[PDB]
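# Structural overview
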Amino acid sequence: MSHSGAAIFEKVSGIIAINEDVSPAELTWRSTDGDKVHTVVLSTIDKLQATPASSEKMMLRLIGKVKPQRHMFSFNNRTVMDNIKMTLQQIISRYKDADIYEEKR
Amino acid sequence: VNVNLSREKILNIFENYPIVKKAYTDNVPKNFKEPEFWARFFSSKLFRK
Amino acid sequence: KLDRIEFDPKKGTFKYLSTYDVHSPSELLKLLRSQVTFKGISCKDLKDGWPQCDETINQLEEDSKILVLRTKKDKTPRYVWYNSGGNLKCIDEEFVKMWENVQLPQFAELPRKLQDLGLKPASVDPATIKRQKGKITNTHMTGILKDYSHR
Amino acid sequence: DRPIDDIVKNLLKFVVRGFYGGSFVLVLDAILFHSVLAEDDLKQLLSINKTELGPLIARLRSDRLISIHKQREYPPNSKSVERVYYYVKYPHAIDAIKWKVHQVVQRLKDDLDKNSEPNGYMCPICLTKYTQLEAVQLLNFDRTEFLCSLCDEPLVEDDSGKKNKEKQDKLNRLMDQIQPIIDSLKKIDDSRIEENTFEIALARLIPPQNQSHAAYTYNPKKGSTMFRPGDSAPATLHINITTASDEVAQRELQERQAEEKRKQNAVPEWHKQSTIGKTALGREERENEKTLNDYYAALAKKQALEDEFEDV
Ligand SMILES: [Zn+2]
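Residues numbered from 1 in each chain as written, not as in the entry; some residues may be left out. Chains lettered and ligands numbered in written order. Part of a larger assembly, values for the part shown. Heavy atoms only, no water.

What the deposited record gives as its method is cryo-EM, and the resolution it gives is 2.9 Å.

Below is the structure:
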């Protein structure tokens, strides 16, 4: 699917999930054993960084809008990374538009 | 792609399509703001159908 | 302060807190189903806090609800897994031995042999996988001319 | 996971549980629960030794129910090591299952045919079997007994006379027990399964451990023409709600655009007038509203980490 896949967070392997049902959409990374859990509210993300397709690394960082908070995820298969990046692009763009509409109004 | 909407058109969409109003009245103040709602509506298959 | 002890404020007692609170086959069957990996849960720590577990674990092996890895010295349960499949014993040994005697052909020659008997082969022979001027005039426009060769 | 993938998985599960021992179920179920799973991780998940995982992996490899993938890995702070991964290549496993199912039934059917034929003969001493035709050229001068050639001893009738019914019983049992495989293969033939690769399998990976030493990644070497045997397989939408004040603003912008377009086409000045004589070219109501509002109010009352990156 396009909402889950294996990911590495802080050198810990786990499953990254994109929760769209609960507003605002939040990204949850859960360690394999469940000892570690991380959650980021996508309303806070400003830009979405991603390593180029011409590099052996498969990282994907979500910089937080304001020492701004930064969340970096490393993937295993690029297809999973692309399918996760594509869904994130929609959420970040939409929330950026919402902020633009709110500030303008 | 940028699409422009107006209050008159918003009312017209509700009048000609009661389902859109049904999905509008129950969600605008509860979960997400109107700009997000209409952004979702056009992307949905409902707007295509 | 320790984590292996549970406090009871109703009476003010300290009770032991087992790793997996399992004292019934139903609890074990759901705990094994809830595992997010295929890491089996040891019977050594399952047996702790549960008076009898070999009696219960063996009963589920016969019913094919769980998978058991047993010791070689004497048959004794170790790490167990949930049996996501069907019956654990469904074929007589007269056919297991026959299945062991059949030797598959050379891989690249298998699809052809299956295609001669009339069975559709879900593979192909890998051999078929086809792995797929001079002197310029004006140069004062050094870095301006973009190559619009096609339209 | 596609619905056919479940059918293939169930077929593999049934075959392993019915035609292989206990530990085989553990090994294959582990790499069916997970995608490609490193050998070290596989050992850690089942808590079995190398000398015990060996026979299991070897047999599941000979039958092509499991595929192997070796690649060089370069940990940033350790000696480069070659890691081994195990996954399932569904087109390969299904062909092996189909061939083995056919062969087992064929062998039993042939044994039924052979067992229904005349018995034959054997020599008790030299343990050499003689067929009905071969025994008829050895009988003594008295036409009473069949004599052996090496031993010159009477022959003894062979067995398999009574098994005429048992072999049919065996076939009757097998087809009943092997029924799920036949039913699953029928559904598989209808659909088309895609061949799996180490990289493709990595897309469905469920990590086994928090800090596995094996890097579950496939970074193929650059411009490597080397080919190994059996290593190849066959927008944004933005919306804007326009208010009345925005509508008039948009109209003003449209008017400005039209004005600019008109200028782009208008003729210059020198072409407009004949330039002969000119020199040559060269180097208060608010209070009224309130008293009304109060008056009407009275009325109504009365009435009631630095790496290269891009931007996506
Ligand atoms: Zn003889």
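## Considering the pattern of salt bridges
The test is simple: Each reported salt bridge corresponds to a side-chain nitrogen of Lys or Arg within 4 Å of a carboxyl oxygen of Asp or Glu. In this text, helices come from DSSP runs of H or I with a minimum length of four residues, and strands from runs of E with a minimum of two, each type numbered from the N-terminal end. The classification of residues rests on relative accessible area computed with a 1.4 Å probe and restricted to protein chains. Under 20% of the type maximum is buried, over 50% is exposed, and intermediate values are partly exposed.
Following the criterion strictly, the structure yields 27 salt bridges over all chains and no others. When the shortest N-O distance is used, the salt bridge between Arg-173 of chain D and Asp-92 of chain C registers 2.7 Å. You can see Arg-173 of chain D sitting in helix α7 (residues 164-177) and its partner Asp-92 of chain C sitting in the loop between β4 (77-82) and α4 (93-101), one on each of two chains. You can call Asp-92 of chain C partly exposed: its relative accessible area is 26%. Of the charged contacts in the structure, one is a salt bridge between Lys-114 of chain D and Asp-111 of chain D, with a shortest N-O distance of 3.9 Å. Of this pair, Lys-114 of chain D and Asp-111 of chain D both sit in helix α5 (residues 90-115), 3 residues apart, which is roughly one turn of the helix. Overall, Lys-114 of chain D belongs to the exposed group, its relative accessible area being 59%. Judged by its relative accessible area of 22%, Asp-111 of chain D is partly exposed.

## Concerning the arrangement of the chains
Stated precisely, the cut-off is as follows: Only heavy atoms matter for contacts: two residues are in contact if any of them lie within 4.5 Å across the pair.
Among the 5 pairs of chains in contact, the pair with the most contacts is chains C and D. A gap remains between chain B and chain C, with no contact made and the closest C-alpha atoms lying 25 Å from each other.

## Focus: the interface of chain B and chain D
Let me state the cut-off plainly: For any pair of parts, buried area is found by adding up, for both, the accessible area (1.4 Å probe) each one loses once the two are put together. Contacts described as polar in this section are N or O atom pairs within 3.5 Å, which, within protein, must combine one atom able to donate a hydrogen with one able to accept it, while residues neighboring in sequence count only if both atoms come from side chains. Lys, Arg, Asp and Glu make up the charged group, whereas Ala, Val, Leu, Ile, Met, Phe, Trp, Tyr, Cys and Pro make up the nonpolar group; the residues left over, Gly among them, are polar. Strand pairing is defined by DSSP finding a minimum of two bridges between the two strands.
Taken residue by residue, the interface counts 11 residues in chain B and 7 residues in chain D. In this assembly, chain B packs against chain D so that about 910 Å² is buried in total across both faces, 59% of it on carbon and sulfur atoms. On the chain B side of the contact with chain D, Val-1, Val-3 and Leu-5 of chain B bury the most area, a combined 41% of that side's loss. Counting across the interface, chain B meets chain D through 0 salt bridges. Taken together, the links from chain B to chain D amount to 6 residue pairs in polar contact. Looking at the side of chain B that touches chain D, the elements that each hand over two or more residues are β1 (2-6) and α3 (34-43) of chain B. Among the elements that line the side of chain B that touches chain D, the one with the most residues is β1 of chain B, at 5 residues. Class assignment of the residues belonging to the side of chain B that touches chain D gives a composition of 7 nonpolar, 3 polar and 1 charged. The pairing of β1 of chain B with strand β7 (residues 238-242) of chain D spans 5 bridges and is parallel.

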